[PDB]
Amino acid sequence: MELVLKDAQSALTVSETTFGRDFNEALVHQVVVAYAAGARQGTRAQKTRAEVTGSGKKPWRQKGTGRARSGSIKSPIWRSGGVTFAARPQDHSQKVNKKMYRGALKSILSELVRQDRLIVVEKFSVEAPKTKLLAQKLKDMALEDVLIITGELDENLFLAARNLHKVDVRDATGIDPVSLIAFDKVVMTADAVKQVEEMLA
Amino acid sequence: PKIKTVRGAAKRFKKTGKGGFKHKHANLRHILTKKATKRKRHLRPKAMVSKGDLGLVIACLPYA
Amino acid sequence: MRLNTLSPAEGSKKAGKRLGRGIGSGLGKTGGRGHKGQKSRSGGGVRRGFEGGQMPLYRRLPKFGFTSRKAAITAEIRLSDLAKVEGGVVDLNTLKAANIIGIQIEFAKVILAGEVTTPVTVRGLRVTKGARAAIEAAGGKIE
Amino acid sequence: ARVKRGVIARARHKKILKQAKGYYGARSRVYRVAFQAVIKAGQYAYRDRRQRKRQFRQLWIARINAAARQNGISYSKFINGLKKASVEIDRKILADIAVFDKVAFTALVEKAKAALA
RNA sequence: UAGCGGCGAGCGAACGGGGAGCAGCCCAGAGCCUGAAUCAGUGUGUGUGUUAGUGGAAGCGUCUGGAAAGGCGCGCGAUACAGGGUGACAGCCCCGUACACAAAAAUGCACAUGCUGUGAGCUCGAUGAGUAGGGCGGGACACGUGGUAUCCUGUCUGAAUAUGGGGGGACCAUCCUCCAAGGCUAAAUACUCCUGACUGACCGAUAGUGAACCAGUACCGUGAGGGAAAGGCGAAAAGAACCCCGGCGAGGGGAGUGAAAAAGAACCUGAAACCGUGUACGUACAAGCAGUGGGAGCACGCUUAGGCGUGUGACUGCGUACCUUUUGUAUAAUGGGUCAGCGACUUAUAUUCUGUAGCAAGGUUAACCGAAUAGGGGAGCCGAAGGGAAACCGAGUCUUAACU
Ligand SMILES: [Mg+2]
Ligand SMILES: [Mg+2]
Ligand SMILES: [Mg+2]
Ligand SMILES: [Mg+2]
Ligand SMILES: [Mg+2]
Ligand SMILES: [Mg+2]
Ligand SMILES: [Mg+2]
Ligand SMILES: [Mg+2]
Ligand SMILES: [Mg+2]
Ligand SMILES: [Mg+2]
Ligand SMILES: [Mg+2]
Ligand SMILES: [Mg+2]
Ligand SMILES: [Mg+2]
Ligand SMILES: [Mg+2]
Ligand SMILES: [Mg+2]
Ligand SMILES: [Mg+2]
Ligand SMILES: [Mg+2]
Ligand SMILES: [Mg+2]
Ligand SMILES: [Mg+2]
Ligand SMILES: [Mg+2]
Ligand SMILES: [Mg+2]
Ligand SMILES: [Mg+2]
Ligand SMILES: [Mg+2]
Ligand SMILES: [Mg+2]
Ligand SMILES: [Mg+2]
Ligand SMILES: [Mg+2]
Ligand SMILES: [Mg+2]
Ligand SMILES: [Mg+2]
Ligand SMILES: [Mg+2]
Ligand SMILES: [Mg+2]
Ligand SMILES: [Mg+2]
Ligand SMILES: [Mg+2]
Ligand SMILES: [Mg+2]
Ligand SMILES: [Mg+2]
Ligand SMILES: [Mg+2]
Ligand SMILES: [Mg+2]
Ligand SMILES: [Mg+2]
Ligand SMILES: [Mg+2]
Ligand SMILES: [Mg+2]
Ligand SMILES: [Mg+2]
Ligand SMILES: [Mg+2]
Ligand SMILES: [Mg+2]
Ligand SMILES: [Mg+2]
Ligand SMILES: [Mg+2]
Ligand SMILES: [Mg+2]
Ligand SMILES: [Mg+2]
Ligand SMILES: [Mg+2]
Ligand SMILES: [Mg+2]
Ligand SMILES: [Mg+2]
């Protein structure tokens, strides 16, 4: 696979089992679903009828009153009774396999290069951490929604992209399919291309 | 958690190769002079369970 | 390719029965359980190996046999496993390092199953007649 | 999630009550009885889409019987005479002719009589 | 799993392996170095944290509107576009946050380290007795006296003591290993009446604690205890000056503030049952699950007059509610006075089967590390080989003396 740059007009070579395969809709959908379901924090609880703070007596006797049969004021059919099927702090972490997750990432990288949305550059660099300069540079490069996944660590770009509300700055290691799908124009450093060809092999 | 195995069924069956279950025969423990000799000669070898009861012993031995 | 248009494969996500939610739900006012049984009562059902009050099958039949301590600690090794071990020599410590039998395996066997090509020098392992003939046809030195 | 369900019950009960306007009594304001009135009314509509053709067949037959006996023949002899002269004019048309335009019905009566005799 | 088990219901290890964390010493006592390691307690100095805090960027003109934070155009900040207000949705109006600092005083802590007790260090000796075991009766180990190891003791008994003894799952002999009958010990681990920050595919007033409110209050009970209801004017009270009816009242009508009073405190929205008023039609010779099919008339709305719809429905054919339980219901068998709100197949961990995705004689990791949904971790699990009670054999194996 022969990627062409823009700001250097060079050409990177990465193999088609990493950047040239076919888009697997079911696999990428399952990994996106499992990513959101692992992102779910999930801390709710309701009061069981074993947990509602009440008495334990029958509110009236069983036979001989014109009222209904009732034997706990805590009952889930009453007013201010328990939730019938009360929830719990739980763990919803779906488990995608290692080769499934890597196949999803291979699939969306191939889909990004086929749909022509992964602008590759030789490096990304700002002098001082000025977000005014970063938005200036991004308007020069003519992008609005942009994911810049970095070849090497650039804490100046961390500082310059912390406050922009459409730009995202990552590592090539810490990438994720929710980001790599949702962001409209993914900008990749050539060093990040080398690191992800290592990462998927 | 883990399903408990009915230990009576684990001590009275074995799971064979293709999937069926084998077991020892009945009526071979005591009074045995009034029984014949070909009855005991055919109650000797272990043999397989039938169609219907295989689901019951699968429910008692869930861990194969 | 946006985030919303990631529709699954047609056949993945099943519906899932919601029991007791109307007439057109199919699973109507009883919820698959019938009428007035013991299997219809909440928390109803019978335990495993229950055939009414009579003897269950695992109490009619008699026991047989014990279990030996020597059985679980002796494992079989296919001939295709001997191309997994790195070094061209097969012994128990080399195999237990090569993740073939496991740390709790003292005695072992070699079975005619699968094909071996390279020369392999089996030491200290009991080998069967077919597997031993296959090894000495491959160029091994069984002892 | 806590799905609160006020608006769903309001939409459903409003639809059934709007279907049940016009009925007498608490069967147009109560919901628990307007549902029975709606379901039993739809049941009667399903029965009466079969019964209406029975009733109008009997009405046309009675009208043709009256006009035929005013022209000197019974209805059964009339219909056998028409099938023997090979006329396929059905009895809705025959009864409508018998009411609106009676000299054509006298034409039908004479053709049936000339067939049957 | 191995076992325990009226061998039923069920109870259920360990050996071993991967991780978290890892810290070892003293009295059983004398000489001789004679104060060095050491910990505990008491203090001066540094640094850090808490209990007040401080600074903290950057916007205007117009149309709508009651009011602009809205639409329109035009700019600027951003290590701050987390959030909460502000007369409608504000990075640039305010409070903030990012960041950068600040504590005279008490202070938790890392200590720099003084003081008071404290002695490491060397050699020789000492090696925990009514104790280990034993009989009886119990109890804990997964182990219910079972062939029952091992541990604790209510009672009677009772040694050897380093050439000695305990154990190695009845027991005996070799071997292996270890040295009870006296102590102390950080960490990983359990928990939240609390004190802060932060998040919520958590609730939004019959929910969430019982309690959004002056609630364990009213109230009930002798007493232990039981235990409610009850949020919303507006943007700001601008909470109706005045006049009139009335009883120097209640309540209203005009005026007034008001974007709004059909927002006026009995206050946003204002549904349903229920109760009336006004209008059209029907109804005082008529029999019954009250509808449905037909259908004249009347009135109201429309136009190629024609045509219709909408409201009513005289008269007429048919027509014995709904649920449940039933062999069976109009049943005179059960339940419901009606409305509105709540109300009942869920969740966790394993297993089997089907569908679909990944890889395919391979598939996969769990804890845990890792500012961390990535990647390591292959300890393990399942599958590729079965037969046998079992040793053992192995594409065969068992039965059998041997099987065609
Ligand atoms: Mg009591
Ligand atoms: Mg309450
Ligand atoms: Mg509650
Ligand atoms: Mg992982
Ligand atoms: Mg016997
Ligand atoms: Mg059905
Ligand atoms: Mg029932
Ligand atoms: Mg029954
Ligand atoms: Mg039944
Ligand atoms: Mg129950
Ligand atoms: Mg019996
Ligand atoms: Mg292994
Ligand atoms: Mg809600
Ligand atoms: Mg009405
Ligand atoms: Mg017909
Ligand atoms: Mg300040
Ligand atoms: Mg400011
Ligand atoms: Mg407003
Ligand atoms: Mg000792
Ligand atoms: Mg002593
Ligand atoms: Mg003693
Ligand atoms: Mg003793
Ligand atoms: Mg003993
Ligand atoms: Mg004892
Ligand atoms: Mg002992
Ligand atoms: Mg032994
Ligand atoms: Mg409310
Ligand atoms: Mg409440
Ligand atoms: Mg007044
Ligand atoms: Mg009121
Ligand atoms: Mg409002
Ligand atoms: Mg109001
Ligand atoms: Mg109302
Ligand atoms: Mg009349
Ligand atoms: Mg009457
Ligand atoms: Mg009609
Ligand atoms: Mg009955
Ligand atoms: Mg039935
Ligand atoms: Mg009947
Ligand atoms: Mg009745
Ligand atoms: Mg009656
Ligand atoms: Mg009954
Ligand atoms: Mg009932
Ligand atoms: Mg009743
Ligand atoms: Mg209701
Ligand atoms: Mg519900
Ligand atoms: Mg399942
Ligand atoms: Mg498959
Ligand atoms: Mg054979």
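Each reported figure results from applying straightforward, stated rules to the coordinates on display, with no laboratory input. In this analysis, Cβ positions are derived from the backbone assuming ideal geometry, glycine residues included, and neighbour counts consider all displayed protein chains.
When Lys and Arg each count +1 and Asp and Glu each count -1, what net charge do the other residues less than 13 Å away from C:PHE107, Cβ to Cβ, add up to?
Within the 13 Å Cβ shell, the charges total +2.
Among all stretches of chain D without exposed trypsin sites (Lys or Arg not before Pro) (DSSP loop, at most 13 other Cβ atoms within 10 Å), which one is longest?
D:30-117
What is the total of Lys pairs in chain B with C-alpha atoms under 15 Å apart, excluding same-chain pairs fewer than 8 positions apart?
14
Which number gives the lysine pairs in chain D that have C-alpha atoms under 23 Å apart and are eight or more places apart or on different chains?
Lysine pairs, 8 or more places apart or on different chains, close enough: 26.
Counting other Cβ atoms within 10 Å of each Cβ, which chymotrypsin sites (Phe, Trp or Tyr not before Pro) in chain B have at most 12 and sit in a DSSP loop?
Loop-located and lightly packed - B:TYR63.
Report, to two decimal places, the Cα Rg of chain B normalised by 2.2 N^0.38 Å (N = number of residues).
Cα-based Rg divided by the globular estimate yields 1.35.
Of the chymotrypsin sites (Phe, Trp or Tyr not before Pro) in region C:42-143, which ones lie in a loop per DSSP and count no more than 15 other C-beta atoms within 10 Å?
Here the sparse-neighbourhood loop sites are C:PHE50, C:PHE64, C:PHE66.
Charges on Cβ only, +1 for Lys and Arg, -1 for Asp and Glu, centred on the Cα centroid of region C:43-113; of C:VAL110, C:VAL46, C:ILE100, which one is farthest towards the dipole's positive end?
Working it through, the farthest residue towards the positive pole turns out to be C:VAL46.
Going toward the positive end of the dipole of region A:2-200, with +1 on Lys and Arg Cβ and -1 on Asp and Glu Cβ, which of A:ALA161, A:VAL193, A:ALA86 do you reach last?
Most positive-ward Cα: A:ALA86.
Filter the GluC sites (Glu not before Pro) in region C:70-114 down to the DSSP loop ones having no more than 15 other Cβ atoms within 10 Å, then list what survives.
When the GluC sites (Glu not before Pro) of region C:70-114 are filtered for loop state and at most 15 Cβ neighbours within 10 Å, C:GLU86, C:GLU106 remain.
Near A:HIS165, within a Cβ-to-Cβ distance under 12 Å, what is the net charge of the other residues, with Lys and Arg +1 and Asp and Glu -1?
Residues close to A:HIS165 contribute a combined charge of -1.
Using unit Cβ charges (K, R positive; D, E negative) and no other charged atoms, how large, in debye to the nearest 20, is the dipole of chain A about its Cα centre?
Around 2860 debye, computed over chain A.
From largest to smallest, what semi-axes in whole angstrom does the protein assembly as shown give when each is the square root of 5 times an eigenvalue of its alpha carbon gyration tensor?
Equivalent-ellipsoid dimensions as semi-axes: 71, 51, 35 Å.
What is the sum of charges around A:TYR101, taking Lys and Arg as +1, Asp and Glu as -1, for the other residues whose C-beta is under 14 Å from the C-beta of A:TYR101?
Here the count lands on +4.
Run the paramagnetic zone check for A:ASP184: 7 angstrom along Cα to Cβ, then residues of region A:127-144 with backbone nitrogen under 14 Å.
Under 14 Å, as judged by backbone N against the label point of A:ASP184, lie A:139, A:142-144 of region A:127-144.
Take every DSSP beta bridge whose two residues both sit in the protein assembly as shown, then give the antiparallel share in percent to the nearest 5.
25
With no solvent and one equal point scatterer per Cα, compute the Debye intensity ratio I(q)/I(0) for chain D at 0.10, 0.18, 0.20 Å⁻¹ and report its log10, rounded to two decimals.
Taking Cα atoms of chain D as identical point scatterers yields -0.54, -0.87, -1.00.
Give the longest segment of chain A that steers clear of GluC sites (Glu not before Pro) in DSSP loops with at most 16 neighbouring Cβ atoms within 10 Å, not counting the sites themselves.
Answer - A:52-121.
Residues in region A:115-157 near a label at A:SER10, defined as backbone nitrogen under 12 Å from the 7 Å Cα→Cβ point?
Output list for this probe position: A:121-124.
Kindly provide the pair-distance distribution of chain C built from C-alpha pairs, with 5 Å bins from 0 and whole-percent values in order of increasing distance.
Whole-percent P(r) values from 0 Å outward: 2, 8, 11, 10, 7, 5, 4, 5, 8, 10, 11, 9, 6, 3, 1, 0.
Any idea what the dipole of the protein assembly as shown comes to, in debye rounded to 20, about its Cα centre with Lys/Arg Cβ at +1 and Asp/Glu Cβ at -1?
7420
With springs only between Cα atoms under 10 Å, which of B:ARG44, B:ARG29, B:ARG12 fluctuates most in a Gaussian network model of chain B?
Among B:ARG44, B:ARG29, B:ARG12, the largest GNM mean-square fluctuation belongs to B:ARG29.
Could you tell me which of rounded, prolate or oblate describes region A:90-129, using a ≥ b ≥ c as the square roots of the eigenvalues of the alpha-carbon gyration tensor, with rounded for a/c under 1.5 and, failing that, prolate when a/b is larger than b/c and oblate otherwise?
oblate
Hey, what number do you get for chain C at 222 nm if only DSSP H runs of n ≥ 4 count, each worth -39500 (n - 2.57), divided across all residues, to the nearest 500?
The per-residue figure over chain C is -4000 deg cm²/dmol.
Averaging the inverse of every distinct alpha carbon separation and then flipping it gives the Kirkwood radius. What is it for region A:2-200, in angstrom units?
In region A:2-200 this quantity evaluates to 20.9 Å.
First measure r as the distance between the Cβ atoms of D:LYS40 and A:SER93, then evaluate 1/(1 + (r/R0)^6) with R0 = 35 Å and state the FRET efficiency to the nearest 0.05.
Efficiency, from the Cβ-Cβ distance: 0.05.
Just round it to a whole percent: the fraction of Cα-Cα distances in region C:44-95 exceeding 15 Å.
Of all Cα-Cα distances in region C:44-95, 70 percent exceed 15 Å.
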